[PDB]
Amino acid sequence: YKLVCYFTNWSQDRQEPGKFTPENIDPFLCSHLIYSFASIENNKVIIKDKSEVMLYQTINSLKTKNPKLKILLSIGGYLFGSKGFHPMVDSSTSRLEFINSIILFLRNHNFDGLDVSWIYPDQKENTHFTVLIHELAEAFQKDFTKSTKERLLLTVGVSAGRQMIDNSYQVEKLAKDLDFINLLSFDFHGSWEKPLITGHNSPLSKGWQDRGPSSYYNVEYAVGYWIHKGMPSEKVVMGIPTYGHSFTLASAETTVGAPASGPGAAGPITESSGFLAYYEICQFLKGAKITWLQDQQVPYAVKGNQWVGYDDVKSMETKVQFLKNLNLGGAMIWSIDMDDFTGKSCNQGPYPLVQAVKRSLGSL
């Protein structure tokens, strides 16, 4: 099994216990690490990060410590959107420039591959995304035929939502071109929804109130659908979140599907109404009531008018058992810098969530 771990370049600006740098990375924690995110300037790959050159130092230390560790570079993410890939994708000339810059950049800086996480192609960018991936795949393969080093890996963070999947992807082709997908099996529910009701960020299974299309909004369905569409199960690396989605409750009802007036109060460290990192969640749970959903196989917690749907150690072990049953490629984490990486907040040691995933994957 793979354990694929995204980390981010904005977590370094947080205060403790959320102040993360690549030096917080345990080189034996994960099989793959993925830096989030690179940029594109003048159709070439760059890293925009005040700490860029220190990142390279840590990459080299980590890979020296653990010769098996793979470290990939990611382009994309929600904020980058589709706009970020233009004008690079607009022509084969500009795409060739990009692809050539990637190979040189990854080799120069000791990266093992590229993750393309286009959020999201949809109908409009379906062709652009398909060709980009295919051209990258071929170039990497070409490079390999000429090289003494391993072939550069190619992966993609992909939607777990059935409609977005149908619109964005040509799955059989993707299966040939990608080494694996990083299934983004989270953000199923949240304070952007209308009607504005509580719902879990990342339920494993369908809710008792779900019927029809709402029956798609869970991890088991997403996984099954990708397989159905032609992605081999062992190329499905299943995303698990270390964050939760929060709601401010509109009434006294505290159940799933209860009315919400908006996102929950911002965490003190992440300062973004609507989500909480796990290290903030452990502080939230103090004085909260926690319910484990038997239908959906994940917890939520309520304190005052605040409702948080999140993933804990029980969820980690339950989702790992699931991915193993379905013969998936492994687990992916978004993101390790939102786990309690210092261990100072949750009283469960360093990376309590990710370590549980690791322990569960390694268990016979």
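All residue numbers are counted from 1 along the displayed sequence.
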Inset, instruction - Averaging the C-alpha B factors as listed in the entry, name the stretch that ends up higher: 252 to 260 or 197 to 205. - result: 252 to 260
Inset, instruction - Decide which of the stretches 30 to 38 and 66 to 74 has the higher mean C-alpha B-factor, going by the entry. - result: 66 to 74
Legend entry - Residue selected from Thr242, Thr93, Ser185, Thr270 by maximal Cα B factor: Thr93
Legend entry - Peak C-alpha temperature factor (PDB record), options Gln123, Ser101, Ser159, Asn110: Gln123
Inset, instruction - Taking the values exactly as deposited, rank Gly309 by C-alpha B-factor within its chain and report the matching third: lowest, middle or highest. - result: middle
Legend entry - Third of the chain, ranked by Cα B-factor, where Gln12 sits: lowest
Inset, instruction - Please place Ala277 in the lowest, middle or highest third of its chain by C-alpha B factor as given in the entry. - result: lowest
Legend entry - Third assignment of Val302 from its chain's C-alpha B-factors: highest
Inset, instruction - Ordered by C-alpha B-factor within the chain, which third holds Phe180? Give me lowest, middle or highest, please. - result: lowest
